[PDB]
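Asks: Sharing model25.json, JSON, N, CA and C atoms:
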[["chain", "number", "residue", "atom", "x", "y", "z"],
["A", 1, "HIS", "N", 0.20, 2.07, -33.23],
["A", 1, "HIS", "CA", -0.79, 3.10, -32.79],
["A", 1, "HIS", "C", -2.17, 2.79, -33.38],
["A", 2, "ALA", "N", -3.17, 2.65, -32.55],
["A", 2, "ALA", "CA", -4.55, 2.34, -33.05],
["A", 2, "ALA", "C", -5.60, 2.75, -32.01],
["A", 3, "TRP", "N", -6.33, 3.80, -32.28],
["A", 3, "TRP", "CA", -7.38, 4.26, -31.31],
["A", 3, "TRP", "C", -8.78, 3.83, -31.77],
["A", 4, "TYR", "N", -8.97, 3.63, -33.05],
["A", 4, "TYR", "CA", -10.32, 3.20, -33.55],
["A", 4, "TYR", "C", -10.35, 1.70, -33.87],
["A", 5, "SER", "N", -9.37, 0.95, -33.43],
["A", 5, "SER", "CA", -9.35, -0.52, -33.70],
["A", 5, "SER", "C", -10.28, -1.27, -32.73],
["A", 6, "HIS", "N", -10.59, -0.67, -31.60],
["A", 6, "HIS", "CA", -11.50, -1.35, -30.62],
["A", 6, "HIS", "C", -12.96, -1.15, -31.02],
["A", 7, "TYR", "N", -13.27, -0.08, -31.70],
["A", 7, "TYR", "CA", -14.69, 0.17, -32.11],
["A", 7, "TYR", "C", -15.13, -0.91, -33.10],
["A", 8, "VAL", "N", -14.32, -1.19, -34.09],
["A", 8, "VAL", "CA", -14.68, -2.25, -35.08],
["A", 8, "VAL", "C", -14.72, -3.62, -34.38],
["A", 9, "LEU", "N", -13.92, -3.79, -33.35],
["A", 9, "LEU", "CA", -13.92, -5.09, -32.61],
["A", 9, "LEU", "C", -15.11, -5.12, -31.64],
["A", 10, "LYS", "N", -15.40, -4.02, -30.98],
["A", 10, "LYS", "CA", -16.55, -3.99, -30.03],
["A", 10, "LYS", "C", -17.87, -4.10, -30.81],
["A", 11, "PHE", "N", -17.99, -3.38, -31.90],
["A", 11, "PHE", "CA", -19.24, -3.46, -32.72],
["A", 11, "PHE", "C", -19.39, -4.87, -33.29],
["A", 12, "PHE", "N", -18.32, -5.45, -33.78],
["A", 12, "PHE", "CA", -18.40, -6.84, -34.34],
["A", 12, "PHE", "C", -18.79, -7.83, -33.23],
["A", 13, "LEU", "N", -18.21, -7.68, -32.05],
["A", 13, "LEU", "CA", -18.56, -8.61, -30.93],
["A", 13, "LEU", "C", -20.05, -8.49, -30.58],
["A", 14, "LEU", "N", -20.61, -7.31, -30.71],
["A", 14, "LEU", "CA", -22.06, -7.12, -30.39],
["A", 14, "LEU", "C", -22.93, -7.78, -31.47],
["A", 15, "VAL", "N", -22.58, -7.59, -32.72],
["A", 15, "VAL", "CA", -23.38, -8.21, -33.83],
["A", 15, "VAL", "C", -23.09, -9.71, -33.92],
["A", 16, "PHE", "N", -21.84, -10.10, -33.85],
["A", 16, "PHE", "CA", -21.50, -11.55, -33.91],
["A", 16, "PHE", "C", -22.02, -12.28, -32.66],
["A", 17, "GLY", "N", -22.00, -11.61, -31.53],
["A", 17, "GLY", "CA", -22.49, -12.25, -30.27],
["A", 17, "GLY", "C", -23.99, -12.55, -30.40],
["A", 18, "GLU", "N", -24.77, -11.58, -30.84],
["A", 18, "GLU", "CA", -26.24, -11.82, -30.99],
["A", 18, "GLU", "C", -26.49, -12.96, -31.98],
["A", 19, "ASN", "N", -25.66, -13.09, -32.98],
["A", 19, "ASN", "CA", -25.83, -14.20, -33.98],
["A", 19, "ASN", "C", -25.72, -15.56, -33.28],
["A", 20, "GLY", "N", -24.88, -15.65, -32.28],
["A", 20, "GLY", "CA", -24.71, -16.93, -31.54],
["A", 20, "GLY", "C", -25.72, -17.00, -30.38],
["A", 21, "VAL", "N", -25.93, -15.90, -29.69],
["A", 21, "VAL", "CA", -26.90, -15.90, -28.55],
["A", 21, "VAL", "C", -28.34, -16.10, -29.06],
["A", 22, "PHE", "N", -28.62, -15.70, -30.27],
["A", 22, "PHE", "CA", -30.00, -15.87, -30.82],
["A", 22, "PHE", "C", -30.08, -17.11, -31.72],
["A", 23, "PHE", "N", -29.21, -18.08, -31.52],
["A", 23, "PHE", "CA", -29.24, -19.31, -32.36],
["A", 23, "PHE", "C", -28.52, -20.47, -31.65],
["A", 24, "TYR", "N", -28.79, -20.65, -30.38],
["A", 24, "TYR", "CA", -28.13, -21.75, -29.61],
["A", 24, "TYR", "C", -29.16, -22.56, -28.80],
["A", 25, "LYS", "N", -30.36, -22.70, -29.33],
["A", 25, "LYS", "CA", -31.43, -23.48, -28.62],
["A", 25, "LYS", "C", -31.65, -22.92, -27.20]]
Have the structure of the file written as structure tokens, please.

Replies:
Amino acid sequence: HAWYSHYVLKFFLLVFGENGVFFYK
């Protein structure tokens, strides 16, 4: 059972995604 496990994954994907999208030439 996990209802708040997607928030930590969705928020991380947004912050981790910008780290790669803002550093790939």

Asks: For stretch 9-14 of chain A, I'd like the enclosing box, axis-aligned and padded by 6 Å on every side, reported as lines of an AutoDock Vina configuration file with centre and edge lengths in Å to one decimal.

Replies:
center_x = -18.4
center_y = -6.0
center_z = -32.2
size_x = 21.0
size_y = 17.2
size_z = 16.3

Asks: Could you please determine the separation between atom C of residue A:6 and atom CA of residue A:18 in Å, to one decimal place?

Replies: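 Distance between the two atoms: 17.0 Å.
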
Asks: Record the distance separating atom CA of residue A:5 and atom CA of residue A:22, expressed in Å with one decimal.

Replies: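 Separation of atom CA of residue A:5 and atom CA of residue A:22: 25.9 Å.
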
Asks: Please, what distance in Å, to one decimal, runs between atom CA of residue A:17 and atom CA of residue A:1?

Replies: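 So the answer is 26.7 Å.
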
Asks: Running DSSP on the backbone, which parts of chain A land in helix (DSSP H, G or I), as a list in words?

Replies: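 Of chain A, the ones in helix (DSSP H, G or I) are residues 5, 6, 7, 8, 9, 10, 11, 12, 13, 14, 15, 16, 17, 18, 19, 20 and 21 of chain A.
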